[PDB]
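In listed order, ligands and their atoms are each counted from 1. Computed over heavy atoms, backbone and side chain alike; hydrogens, waters and symmetry mates excluded. Residues: numbered from 1 along the sequence shown.
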Amino acid sequence: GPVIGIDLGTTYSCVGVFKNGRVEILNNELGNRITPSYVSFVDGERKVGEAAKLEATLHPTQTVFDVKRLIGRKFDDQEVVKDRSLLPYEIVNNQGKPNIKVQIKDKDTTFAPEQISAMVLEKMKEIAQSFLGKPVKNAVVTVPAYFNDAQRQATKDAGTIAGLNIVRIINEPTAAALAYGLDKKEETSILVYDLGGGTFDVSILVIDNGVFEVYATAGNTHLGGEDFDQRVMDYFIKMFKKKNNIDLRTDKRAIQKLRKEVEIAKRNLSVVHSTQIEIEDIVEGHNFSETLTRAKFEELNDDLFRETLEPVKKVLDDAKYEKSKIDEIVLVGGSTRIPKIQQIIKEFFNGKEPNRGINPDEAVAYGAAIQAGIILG
Ligand SMILES: C[C@@]1(O)[C@H](O)[C@@H](CO)O[C@H]1n1ccc2c(N)ncnc21
Ligand SMILES: C[C@@]1(O)[C@H](O)[C@@H](CO)O[C@H]1n1ccc2c(N)ncnc21
């Protein structure tokens, strides 16, 4: 039967199939090739993906996301204590493990992280099933190289709940290397720089006669595109207050409208130098109208961009690598489209050009789908 490829990411998933010799990264019901890893439990209905993320503004305690930060961990782990302080939905201690508590028709309902991940995997499965016109029972699913056996098993368990035999778990750096078609012959050292929506990962991946090994991995679990958006939000909230005596933080709907336009502006500024951010009646009777330049975008985030170099030094240190030992730098995640990111990496590596693919946001799912093709022969 068919084997699909799923990138089960912290903020977004992505599904691809290998069909007729091509990888097809599939569109969700709204025509997006990535789907927010969100599930909402509002008013007796369950939503998954973009419809769920839209519930976050008015129902923050019922909108579950970022479960990948909890899956396979213990409630008292330093990382989970930190995530409980950040996340708005209730996290409870079920026999030493974090569970998610929401209300369904007012009733307290408690989920394991793998049960929420299963709902995201089910939606990806359904996309593939309708694209292929066939039932899907098998998948390649990706994990971070740092995932321990409990974290990988919990991910496999989410697959089983979703009706997926996970026939292979592959690490995100291997998936990226397959997507970029990196030469499997002889010995090559690759830096995989993976800057996503919520998390930053960097890995030294050695490819030797077709065998993939991650020699070192480091990162920052709270550094991504969403942080760059927040820096811009903070600046424009302050400016709007100065100019209008309105603090937009006092209206959650106003913040949601602004956040949507800021995200688009950021993406625009990866190609142009100036963009307009416009919301009619951001509150009744008051329009929002600003220009954001690429230079101000970079100024607002430059310390965050330079923070991505601390993990790169650590993995070069762990592996005992000179910078020159890296043969190829490959960029994964849509945030790697930011020109300043590319410049800072190139300068760190004394002028070595990083390899950007055309669509770094889909590279992991693309590689998962290639792995699915390889396993079938
Ligand atoms: C959608 C994103 O904001 C998100 O934060 C992340 C998910 O990988 O990727 C970003 N992303 C996606 C595309 C993109 C862009 N052209 N310029 C900056 N960031 C970009
Ligand atoms: C908010 C203000 O009532 C302020 O209190 C007053 C004195 O500076 O003038 C208005 N103000 C301040 C700045 C500003 C602006 N850029 N566009 C409209 N109104 C503006």
Which of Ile345, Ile341, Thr336 passes side chain to side chain contact (heavy atoms under 4.5 Å, CB included) with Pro354? Answer is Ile345
Pair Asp361 + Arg33: basic N to acidic O under 4.0 Å = no
For the ring pair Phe305 and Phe228, is the centre-to-centre distance below 6.0 Å?
-> yes
Heavy-atom distance to atom 4 (C) of ligand 1: which of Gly197, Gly9, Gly333 wins?
-> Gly197
At a 4.0 Å threshold, what atoms of ligand 1 neighbour a non-hydrogen atom of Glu263?
-> 1 (C), 2 (C), 3 (O)
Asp208/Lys185 ion pair, N-O < 4.0 Å | no
Taking only non-hydrogen atoms of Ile338 and a 4.0 Å limit, the atoms of ligand 1 in range are 18 (C)
Indicate whether atom 14 (C) of ligand 2 is within a distance of less than 4.0 angstrom of some protein heavy atom.
-> yes
Backbone or side chain, does any N or O of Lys243 fall under 3.5 Å from an N or O of ligand 2?
-> yes
Numbering the atoms of ligand 1 from 1, which are under 4.0 Å from a heavy atom of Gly225?
-> 5 (O)
Who's the nearest protein heavy-atom neighbour of atom 16 (N) of ligand 1, and how far?
-> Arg337 CD, 3.4 Å
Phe65: which of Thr11, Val39, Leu87 passes side chain to side chain contact (heavy atoms under 4.5 Å, CB included) | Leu87
Can you list the atoms of ligand 1 that are under 4.0 Å from a heavy atom of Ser270?
-> 15 (C), 16 (N), 17 (N), 18 (C)
Salt bridge or not for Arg249 and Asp247, using N-O below 4.0 Å?
-> yes
Contact between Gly224 and ligand 1, counting heavy atoms under 4.0 Å?
-> no
Protein non-hydrogen atom found under 4.0 Å from atom 20 (C) of ligand 2 | yes
Contact (N/O only, under 3.5 Å) between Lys266 and ligand 1 | yes
Do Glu263 and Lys260 meet the salt-bridge criterion of a basic N to acidic O distance under 4.0 Å?
-> no
Who's the nearest protein heavy-atom neighbour of atom 11 (N) of ligand 1, and how far?
-> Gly334 C, 3.4 Å
Test item: protein heavy atom less than 4.0 Å from atom 9 (O) of ligand 2 = no
May I ask you to say whether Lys238 pairs ionically with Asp234, meaning some side-chain N is under 4.0 Å from a carboxylate O?
-> no
For ligand 2, which atoms, with element, lie under 4.0 Å from some heavy atom of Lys242?
-> 1 (C), 12 (C), 13 (C)
Is a salt bridge present between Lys68 and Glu172, judged by a nitrogen-to-oxygen distance below 4.0 Å?
-> yes
